[PDB]
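I have placed the structure first, in the form of structure tokens, so that the comments after it can refer back to it.
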Amino acid sequence: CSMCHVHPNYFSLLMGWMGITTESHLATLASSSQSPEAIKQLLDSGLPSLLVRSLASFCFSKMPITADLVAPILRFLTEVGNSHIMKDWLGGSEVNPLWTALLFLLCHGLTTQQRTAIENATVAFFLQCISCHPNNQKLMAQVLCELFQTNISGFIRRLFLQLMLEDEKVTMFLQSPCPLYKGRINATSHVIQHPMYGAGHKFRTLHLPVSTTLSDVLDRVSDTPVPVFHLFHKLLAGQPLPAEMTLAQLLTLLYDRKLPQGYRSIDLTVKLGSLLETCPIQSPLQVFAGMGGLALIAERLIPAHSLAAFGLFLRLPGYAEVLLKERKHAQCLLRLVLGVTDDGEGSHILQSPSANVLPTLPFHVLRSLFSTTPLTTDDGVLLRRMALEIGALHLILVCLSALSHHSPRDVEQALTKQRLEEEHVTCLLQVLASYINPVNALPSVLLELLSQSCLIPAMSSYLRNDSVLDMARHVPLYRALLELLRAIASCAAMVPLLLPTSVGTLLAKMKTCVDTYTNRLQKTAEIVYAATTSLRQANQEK
Amino acid sequence: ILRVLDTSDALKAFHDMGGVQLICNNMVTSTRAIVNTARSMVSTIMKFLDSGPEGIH
Amino acid sequence: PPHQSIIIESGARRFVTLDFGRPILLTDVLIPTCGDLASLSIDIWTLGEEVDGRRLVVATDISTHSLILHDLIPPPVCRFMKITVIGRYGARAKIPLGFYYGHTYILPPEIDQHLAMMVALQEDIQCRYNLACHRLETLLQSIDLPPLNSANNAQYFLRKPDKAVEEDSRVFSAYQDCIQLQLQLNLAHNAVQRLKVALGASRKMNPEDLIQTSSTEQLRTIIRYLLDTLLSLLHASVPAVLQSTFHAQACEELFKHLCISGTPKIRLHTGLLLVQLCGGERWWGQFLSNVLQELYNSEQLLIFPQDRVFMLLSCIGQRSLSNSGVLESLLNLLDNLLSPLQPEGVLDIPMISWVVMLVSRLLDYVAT
Amino acid sequence: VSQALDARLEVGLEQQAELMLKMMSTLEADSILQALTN
Amino acid sequence: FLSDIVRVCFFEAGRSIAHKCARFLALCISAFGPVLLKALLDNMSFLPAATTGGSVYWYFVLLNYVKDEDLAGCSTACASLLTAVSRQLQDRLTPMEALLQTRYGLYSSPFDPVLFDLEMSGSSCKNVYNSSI
Amino acid sequence: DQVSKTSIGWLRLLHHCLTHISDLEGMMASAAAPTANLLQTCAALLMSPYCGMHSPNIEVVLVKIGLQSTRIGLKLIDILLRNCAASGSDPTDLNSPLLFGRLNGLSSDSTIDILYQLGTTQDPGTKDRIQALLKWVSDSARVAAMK
């Protein structure tokens, strides 16, 4: 490859020797054709047509192709797809059928080993093509959606789990005027890369996830960490890169610095001696969900109730935008509901550090969606219609009945169960409050489904007790209850659920009791109670 | 000895007296008369056989 | 897979009763050795202690021989399993409750609805299998293995660096996950095949294109059983046609094919068979010299567990030391390897180390 | 091994040859072990 | 037609049926010895194309018991089959398997979908799942 | 001590002489190269387990000595690539150096760094060094046609 890079005509001599103008021939051609200027000469003779026509003909079931030969040629396309010039062409018009063709092969003499090799090669090829090229993301999303439209199992689920639902790794090439000793061993180790990366103690190549930061890179490349290390780039000349910047921000900055998209590696100079608010770039899952493909997945489909609630909530339009704010939690929930126990990166979702937030997360994100979706526009009314059609309220009421033991008309383990049940009840009440008040909107089934349900009996049971210290500790629970009552009072059309023991009378009774206690001698709870008392008094006469 | 040769004048005088050839000759001769006492393949293979013929026992 | 312990409560005669919660067609019972015992009795009963109470087997030598019951024919449907243990009367003791295997779904739910709710599970576990395979590939394709031809590599092997230990652990975890899930997928496919046969569908129906289409694990199992039968037949004996079949260019290829890359069991058994058959031949010994000169040569690029085959060679040589040709051939090899310093080749130190330690082992053994 | 045979007298028994199977298995195992010891 | 009997009994069938057929042969043991040895020797060439790994244990036990009938032809055919199979197995090696069994010593290549047998303290378990108690 | 047990103290003295003051450095190099078997001894000390001084210092010494001329550079290339034993060494003397006991052409990160430093330093004689490297590559390719 280096020899061909020095002498362009040697590449033509190589191709003539090849006979174009087996596995060994193909691999040698792939490796030797990596020069920035020899690649265009390779592409102009026999590169596209033969391979694309052959693979298309094989898919439909033109040089003859056997089952065994399919994998090596696709591996060749994988290996040559490193330069940006090649990667752009892979998204061209004539290559568009290819992807769909492969799906037709993998969605239905192909032995087990042959099928496994073909599917692994196709997954690798698609992952490489979609690595860091935003332009190809739209094409891939369109292909996936048109396959979906015209439950899920088989190779398609595997592709969804691999290409999506996981973070992306990128290659960084670090060079410094001083040697880098960390990460090396005294034993022999044959590591071979492209000659452009060089050899010695002054160069390093790291294939690492984009979620890391610059401090992680410095720790992984140098053991030394005002003597510090500054990472420079040619495009951002003279500007030291803060260590707190993430790789996503790096990619966004370089891409807005007219760097060719999908370029093979990011170059940094590690010298020895306004950008913190840069927005990260969009993940492939974000691009796919931008067009609304997650709802199709939801409709096309270990606490069973929580998973069922999450799956039902996924059907609502606009759920994806709110849910994908936290990539890790969203992907963990999607993998868990997809029937996979672990993310495949070496950890179990049950063992994830965010395990305490997962059980209540669907309710919190649904409440956020309710608060962030105004009812003035048609989006609100369509969301209400869809929610009533799919019976999300029915499931919420069933869960409330099961948890509160109010049928519609180990000691330590018991304590843990009651505490988590209280938290679940608080979350459900907050969700209902946000549903009723976002800050012909009244369904016909509403003002009737709430009646005879567990809502009124549950509120009556919770507010019936009127001591001053036994239940004064449940500040967040009563804050949520009073917020729900305020939301009830906000909507006039459903107020008569309160008007005819009495909510207002005994509520004012505890208000007077706490006022007398204050006069004779938790502030947030009492002031919220006073505000709810005032609002209930105002809505009581109206 | 390193502390003695800490200055330019000392190093120049040491070079003039021909010490730099002396140390190289000494290194070459002394490497011939020493056997490495570190462990090697033989110890590894004896360990692989699981047994054989302040850290003390 | 299950995992159980006894937290019930050994100076008292004891009994235990277990309920499966459902009539389960038990077809395999195994128990480990129970040293602190004198007798053990078995009771099988589904609904009553006298309506259908039965006993399977009673044995008194469980402490000496662990009770292994491979299969029950005909298989009796059961739900209540009682084991009465009679310890030796002459502190607390733990007695593992063995292993039990059987079938849960009974056919003449009841309808052939399983074909709809097994195939989905088979496809799901197959997808997980593909995921595990890809994960193992992408994890273990970025590792190396230093050759043992220098002091640096030797000290690397003596004391593993900190960076390699975590990679070893992660690869081990991925490997065990992959093999377990492979087992699950194979079991699901087997169950689907059984159900397909039950409805009346028939099972699947020249050596060339038959040998090269078989499964590798089947090949390993059949070779193991076949060679074990050969060894037993030879021990029960003096074959002569068998001696005619095995000769030069036939033993070398067999040793290279099986002992190099086989399992430890087949490696050891093949070595013993070779030493028993061609122990007293004239060409023997030179064969060992050539094998050592080829495998452990500094020009070899093949990868294999050098230590294990070295121990196998040592063990074979100890048994074959009688013919006096093996030691002569080894000494000739050692003499040849040391030629350069006598009077433009150089010294192959690692090869010399290998051969000299082998000769030292042999000379120690012959000293008695 | 272990001389533990399931209750087969009640039904038409094959135990008279199942025991022979057990003895043959034990004999083969002992022959293999003595081959290994040589 | 003992040859076809063995062919349909120990091959192209399940585990319990093979166990019952071995039971029947053992009962029929007590002139039959050499005849059954010839039949099993003829059927040995067809052994590699069997179906279940648990269906050969009783078969090989029977061959081990009846090997006393003759020692010449059986050994010759057995060695021929061993020689024929040995080469084929080697050709299926891949670098990953060798690396795994050298650096870590982990055999039984986990990249093959097909398995053939299982074991637990001398018991053959196949075509049946484990009881989850 | 490791200094008392091995021959590494002289190497530390040489490293100090070469690298303590950069002004006199060239002079010292001119006095060190003409000694016999020095490069072979330094290379042998480089590819051994840590015995008292780290690899980078040995690399620095080897690079600094091997660049003061052009014949020395070719000798160092031959030492690193094709033959690393002593020069004019007959085992019949019992007093001449004999650096057997190490295979030829072993690659380690230190060797790669030294080769990279030698190859890509712009000075007179660099053309000869590139010629020697390409000649070694050509010889290795040619010897592969042994059948």
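Ordered as shown in the structure tokens, chains take letters A, B, and onward, while each chain numbers its residues from 1 and ligands are numbered from 1 in the order shown.
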Within 7 Å of chain C, which residues of chain D are there when counting only C-alpha atoms? Please give them as a PDB file with N, CA and C atoms, in the first residue's frame.
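Everything below was put into out04.pdb:
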```pdb
ATOM      1  N   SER D   2     -22.886 -49.712  42.723  1.00  0.00           N
ATOM      2  CA  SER D   2     -23.740 -49.299  43.835  1.00  0.00           C
ATOM      3  C   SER D   2     -24.826 -50.328  44.136  1.00  0.00           C
ATOM      4  N   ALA D   4     -27.753 -50.896  43.162  1.00  0.00           N
ATOM      5  CA  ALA D   4     -29.070 -50.320  43.411  1.00  0.00           C
ATOM      6  C   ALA D   4     -29.924 -50.523  42.166  1.00  0.00           C
ATOM      7  N   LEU D   5     -30.900 -51.422  42.259  1.00  0.00           N
ATOM      8  CA  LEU D   5     -31.789 -51.743  41.151  1.00  0.00           C
ATOM      9  C   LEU D   5     -33.209 -51.343  41.517  1.00  0.00           C
ATOM     10  N   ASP D   6     -33.882 -50.658  40.597  1.00  0.00           N
ATOM     11  CA  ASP D   6     -35.249 -50.224  40.832  1.00  0.00           C
ATOM     12  C   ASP D   6     -36.176 -51.430  40.965  1.00  0.00           C
ATOM     13  N   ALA D   7     -37.281 -51.225  41.681  1.00  0.00           N
ATOM     14  CA  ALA D   7     -38.257 -52.286  41.891  1.00  0.00           C
ATOM     15  C   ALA D   7     -38.856 -52.738  40.566  1.00  0.00           C
ATOM     16  N   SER D  31     -11.681 -53.057  32.815  1.00  0.00           N
ATOM     17  CA  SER D  31     -10.694 -53.338  31.779  1.00  0.00           C
ATOM     18  C   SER D  31     -10.053 -52.054  31.271  1.00  0.00           C
ATOM     19  N   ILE D  32     -10.852 -51.000  31.086  1.00  0.00           N
ATOM     20  CA  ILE D  32     -10.304 -49.718  30.645  1.00  0.00           C
ATOM     21  C   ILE D  32      -9.359 -49.147  31.697  1.00  0.00           C
ATOM     22  N   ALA D  35      -6.183 -51.047  31.607  1.00  0.00           N
ATOM     23  CA  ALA D  35      -5.435 -50.633  30.425  1.00  0.00           C
ATOM     24  C   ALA D  35      -4.700 -49.325  30.678  1.00  0.00           C
TER      25      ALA D  35
END
```
* What's the 7 Å shell around residue 18 (chain C), counting only C-alpha atoms, without same-chain residues fewer than 6 positions away, as number ranges by chain? -> C: 80-82
Would you mind exporting the chosen residues as a PDB file, in the first residue's frame, restricted to N, CA and C atoms?
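That gives us selection-v3.pdb:
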```pdb
ATOM      1  N   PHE C  80     -44.910 -36.380  44.202  1.00  0.00           N
ATOM      2  CA  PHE C  80     -44.365 -36.351  45.554  1.00  0.00           C
ATOM      3  C   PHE C  80     -43.214 -37.342  45.663  1.00  0.00           C
ATOM      4  N   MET C  81     -42.045 -36.828  46.050  1.00  0.00           N
ATOM      5  CA  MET C  81     -40.794 -37.577  46.113  1.00  0.00           C
ATOM      6  C   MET C  81     -40.326 -37.607  47.562  1.00  0.00           C
ATOM      7  N   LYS C  82     -40.306 -38.789  48.170  1.00  0.00           N
ATOM      8  CA  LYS C  82     -39.870 -38.946  49.549  1.00  0.00           C
ATOM      9  C   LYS C  82     -38.558 -39.717  49.583  1.00  0.00           C
TER      10      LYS C  82
END
```
* Asked: Where in region 113-298 of chain C does DSSP assign alpha helix (DSSP H), given as a VMD selection string?
  -> chain C and resid 114 to 140 151 to 158 162 to 198 216 to 236 241 to 245 251 to 258 264 to 277 286 to 295
Quick one: which region 188-264 of chain A residues come within 8 Å of region 278-296 of chain A, and what is the nearest atom pair for each with the distance in Å to one decimal, counting only C-alpha atoms, rows ordered by chain and ascending number, as a tab-separated table?
```
residue	atom	partner	partner_atom	distance
A:248	CA	A:280	CA	4.9
A:249	CA	A:280	CA	4.8
A:251	CA	A:281	CA	7.1
A:252	CA	A:281	CA	5.6
A:253	CA	A:278	CA	7.7
```
* Do a neighbour search on residue 113 (chain E) at 9 Å with only C-alpha atoms, toss out local chain neighbours closer than 3 positions, and write the hits as number ranges by chain. => A: 112-113; C: 126, 129, 182, 185-186; E: 110
* To do: Could you please select, counting only C-alpha atoms, the residues of chain F within 12 Å of chain B and state them as a ChimeraX atom specification?
  => /F:2-45,48-51,86,89,94-101
Closest-contact table, chain F side, partner chain A, 7 Å, counting only C-alpha atoms, as a Markdown table:
```
| residue | atom | partner | partner_atom | distance |
| --- | --- | --- | --- | --- |
| F:107 | CA | A:188 | CA | 6.8 |
| F:108 | CA | A:188 | CA | 5.9 |
| F:109 | CA | A:200 | CA | 6.9 |
| F:112 | CA | A:200 | CA | 6.0 |
| F:113 | CA | A:200 | CA | 4.5 |
| F:116 | CA | A:200 | CA | 6.6 |
```
Selection above as a file: N, CA, C and O atoms, as a PDB file, in the first residue's frame:
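Result file part24.pdb:
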```pdb
ATOM      1  N   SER F 107      11.501  -8.565  17.637  1.00  0.00           N
ATOM      2  CA  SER F 107      10.881  -7.250  17.575  1.00  0.00           C
ATOM      3  C   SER F 107      10.246  -6.902  18.911  1.00  0.00           C
ATOM      4  O   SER F 107       9.480  -7.693  19.468  1.00  0.00           O
ATOM      5  N   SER F 108      10.566  -5.715  19.414  1.00  0.00           N
ATOM      6  CA  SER F 108       9.923  -5.159  20.590  1.00  0.00           C
ATOM      7  C   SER F 108       9.724  -3.671  20.353  1.00  0.00           C
ATOM      8  O   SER F 108      10.298  -3.088  19.430  1.00  0.00           O
ATOM      9  N   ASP F 109       8.898  -3.054  21.202  1.00  0.00           N
ATOM     10  CA  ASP F 109       8.575  -1.643  21.024  1.00  0.00           C
ATOM     11  C   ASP F 109       9.830  -0.781  21.023  1.00  0.00           C
ATOM     12  O   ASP F 109       9.915   0.201  20.278  1.00  0.00           O
ATOM     13  N   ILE F 112      11.388  -1.124  17.606  1.00  0.00           N
ATOM     14  CA  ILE F 112      10.610  -0.379  16.623  1.00  0.00           C
ATOM     15  C   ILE F 112      10.895   1.110  16.742  1.00  0.00           C
ATOM     16  O   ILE F 112      11.056   1.809  15.733  1.00  0.00           O
ATOM     17  N   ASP F 113      10.958   1.621  17.972  1.00  0.00           N
ATOM     18  CA  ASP F 113      11.250   3.037  18.169  1.00  0.00           C
ATOM     19  C   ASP F 113      12.636   3.394  17.650  1.00  0.00           C
ATOM     20  O   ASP F 113      12.815   4.435  17.009  1.00  0.00           O
ATOM     21  N   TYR F 116      12.545   3.455  13.857  1.00  0.00           N
ATOM     22  CA  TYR F 116      11.854   4.643  13.370  1.00  0.00           C
ATOM     23  C   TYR F 116      12.716   5.890  13.518  1.00  0.00           C
ATOM     24  O   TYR F 116      12.742   6.741  12.623  1.00  0.00           O
TER      25      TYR F 116
END
```
* Spatial neighbours of residue 22 (chain E), 10 Å, only C-alpha atoms, chain gap at least 3 places, as a ChimeraX atom specification -> /D:21 /E:6,9-10,16-19,25-28,55,57-59,61-62
* For chain C, which residue among B:10, B:42, B:53, B:17 is the nearest when counting only C-alpha atoms? -> B:42
* Test item: residues at most 9 Å from residue 79 (chain F), only C-alpha atoms, excluding those fewer than 3 positions along its chain, as a ChimeraX atom specification -> /F:39-40,43,74-76,82-85,104-105
Store the residues picked out above, limited to C-alpha atoms, as a CSV table (one decimal), in the first residue's frame.
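New file selection-v3.csv:
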```csv
chain,number,residue,atom,x,y,z
F,39,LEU,CA,26.9,-1.8,19.9
F,40,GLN,CA,26.4,-5.6,20.2
F,43,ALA,CA,21.8,-4.3,22.1
F,74,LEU,CA,24.8,0.6,9.0
F,75,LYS,CA,26.4,-1.5,11.6
F,76,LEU,CA,23.5,-0.8,14.0
F,82,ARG,CA,20.3,-9.7,10.5
F,83,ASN,CA,23.0,-10.5,13.0
F,84,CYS,CA,23.5,-9.5,16.6
F,85,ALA,CA,26.4,-11.8,17.7
F,104,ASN,CA,18.1,-12.8,15.4
F,105,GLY,CA,15.4,-10.3,14.4
```
* Which residues come within 10 Å of residue 143 (chain C), counting only C-alpha atoms, excluding same-chain residues fewer than 2 positions away, as a list in words? -> residues 189, 190 and 191 of chain A; 139, 140, 141, 145, 164, 167 and 168 of chain C; 99 and 103 of chain E
Convert the current residue selection to file output with N, CA, C and O atoms, as a compact mmCIF listing (two decimals), in the first residue's frame.
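What ended up in again-v8.txt:
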```txt
# COMPACT_ATOMS: atom_id res chain seq x y z
N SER A 189 3.97 -8.29 20.52
CA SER A 189 2.58 -8.16 20.11
C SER A 189 2.54 -7.56 18.72
O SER A 189 2.97 -6.42 18.53
N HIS A 190 2.02 -8.32 17.76
CA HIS A 190 1.93 -7.86 16.38
C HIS A 190 0.63 -7.10 16.19
O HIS A 190 -0.45 -7.69 16.08
N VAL A 191 0.73 -5.77 16.16
CA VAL A 191 -0.40 -4.89 15.90
C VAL A 191 -0.13 -4.18 14.59
O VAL A 191 0.86 -3.45 14.47
N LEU C 139 -15.21 -9.42 21.05
CA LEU C 139 -14.36 -9.29 22.22
C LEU C 139 -13.02 -10.00 22.06
O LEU C 139 -11.98 -9.46 22.45
N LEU C 140 -13.02 -11.20 21.49
CA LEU C 140 -11.83 -12.04 21.49
C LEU C 140 -11.03 -11.95 20.19
O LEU C 140 -10.02 -12.64 20.05
N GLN C 141 -11.44 -11.10 19.25
CA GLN C 141 -10.63 -10.88 18.06
C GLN C 141 -9.53 -9.85 18.27
O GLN C 141 -8.78 -9.56 17.32
N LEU C 145 -0.96 -13.60 21.60
CA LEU C 145 -0.34 -14.66 22.38
C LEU C 145 1.15 -14.66 22.10
O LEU C 145 1.59 -15.11 21.03
N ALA C 164 -3.84 -7.91 31.56
CA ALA C 164 -4.34 -9.14 30.95
C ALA C 164 -5.38 -9.86 31.79
O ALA C 164 -6.21 -10.59 31.23
N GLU C 167 -9.00 -8.81 31.00
CA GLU C 167 -9.40 -9.32 29.69
C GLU C 167 -9.69 -10.81 29.76
O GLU C 167 -10.67 -11.29 29.17
N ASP C 168 -8.86 -11.56 30.49
CA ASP C 168 -9.12 -12.98 30.71
C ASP C 168 -10.48 -13.19 31.35
O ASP C 168 -11.27 -14.03 30.90
N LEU E 99 -6.67 -20.45 19.32
CA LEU E 99 -6.29 -19.40 20.26
C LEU E 99 -7.00 -19.58 21.59
O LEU E 99 -6.38 -19.43 22.66
N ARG E 103 -4.45 -20.08 24.74
CA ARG E 103 -4.28 -19.01 25.71
C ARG E 103 -5.06 -19.28 26.99
O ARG E 103 -4.56 -19.05 28.09
```
Residues near region 357-359 of chain C, anyone? I mean within 10 Å using only C-alpha atoms, not counting same-chain ones fewer than 6 positions away, as an mmCIF file with N, CA, C and O atoms, in the first residue's frame.
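Heads up, here's the output in part14.cif:
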```
data_model
loop_
_atom_site.group_PDB
_atom_site.id
_atom_site.type_symbol
_atom_site.label_atom_id
_atom_site.label_comp_id
_atom_site.auth_asym_id
_atom_site.auth_seq_id
_atom_site.Cartn_x
_atom_site.Cartn_y
_atom_site.Cartn_z
ATOM 1 N N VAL B 42 13.167 -22.047 31.299
ATOM 2 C CA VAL B 42 13.253 -23.269 32.092
ATOM 3 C C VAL B 42 12.374 -23.170 33.330
ATOM 4 O O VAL B 42 11.642 -24.108 33.665
ATOM 5 N N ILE B 45 8.690 -23.530 32.327
ATOM 6 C CA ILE B 45 8.284 -24.889 31.998
ATOM 7 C C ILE B 45 8.224 -25.748 33.253
ATOM 8 O O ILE B 45 7.346 -26.608 33.388
ATOM 9 N N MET B 46 9.148 -25.537 34.191
ATOM 10 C CA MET B 46 9.071 -26.262 35.456
ATOM 11 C C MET B 46 7.799 -25.902 36.210
ATOM 12 O O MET B 46 7.178 -26.764 36.841
ATOM 13 N N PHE C 310 4.006 -31.570 25.639
ATOM 14 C CA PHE C 310 5.305 -31.899 26.218
ATOM 15 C C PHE C 310 5.167 -32.957 27.307
ATOM 16 O O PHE C 310 5.942 -33.921 27.358
ATOM 17 N N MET C 311 4.181 -32.791 28.193
ATOM 18 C CA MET C 311 3.952 -33.801 29.222
ATOM 19 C C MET C 311 3.553 -35.133 28.605
ATOM 20 O O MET C 311 3.964 -36.197 29.084
ATOM 21 N N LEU C 313 4.479 -36.276 25.659
ATOM 22 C CA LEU C 313 5.704 -36.854 25.119
ATOM 23 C C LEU C 313 6.555 -37.465 26.219
ATOM 24 O O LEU C 313 7.107 -38.559 26.054
ATOM 25 N N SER C 314 6.679 -36.767 27.349
ATOM 26 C CA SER C 314 7.443 -37.305 28.470
ATOM 27 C C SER C 314 6.842 -38.618 28.960
ATOM 28 O O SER C 314 7.562 -39.595 29.201
ATOM 29 N N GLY C 317 7.543 -41.403 26.462
ATOM 30 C CA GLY C 317 8.936 -41.803 26.511
ATOM 31 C C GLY C 317 9.272 -42.636 27.728
ATOM 32 O O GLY C 317 10.072 -43.571 27.642
ATOM 33 N N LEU C 327 16.375 -43.014 23.504
ATOM 34 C CA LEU C 327 17.392 -42.182 24.131
ATOM 35 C C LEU C 327 18.550 -41.930 23.179
ATOM 36 O O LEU C 327 19.128 -40.837 23.169
ATOM 37 N N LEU C 330 17.384 -39.204 20.835
ATOM 38 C CA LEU C 330 17.395 -37.912 21.511
ATOM 39 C C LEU C 330 18.814 -37.381 21.667
ATOM 40 O O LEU C 330 19.061 -36.182 21.485
ATOM 41 N N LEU C 331 19.761 -38.256 22.007
ATOM 42 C CA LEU C 331 21.143 -37.815 22.148
ATOM 43 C C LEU C 331 21.721 -37.382 20.810
ATOM 44 O O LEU C 331 22.487 -36.415 20.743
ATOM 45 N N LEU C 334 20.383 -33.892 20.216
ATOM 46 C CA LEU C 334 21.103 -32.922 21.034
ATOM 47 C C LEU C 334 22.492 -32.657 20.483
ATOM 48 O O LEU C 334 22.947 -31.509 20.472
ATOM 49 N N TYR C 365 14.339 -40.838 35.194
ATOM 50 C CA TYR C 365 13.514 -42.037 35.289
ATOM 51 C C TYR C 365 14.346 -43.305 35.145
ATOM 52 O O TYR C 365 14.144 -44.270 35.890
#
```
* Structure fact -> The residue from D:36, D:24, D:13, D:1 with the smallest atom-to-atom distance to chain E, counting only C-alpha atoms, is D:24
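One distance worth recording is that between CA of residue 382 (chain A) and CA of residue 446 (chain A), which is 15.5 Å.
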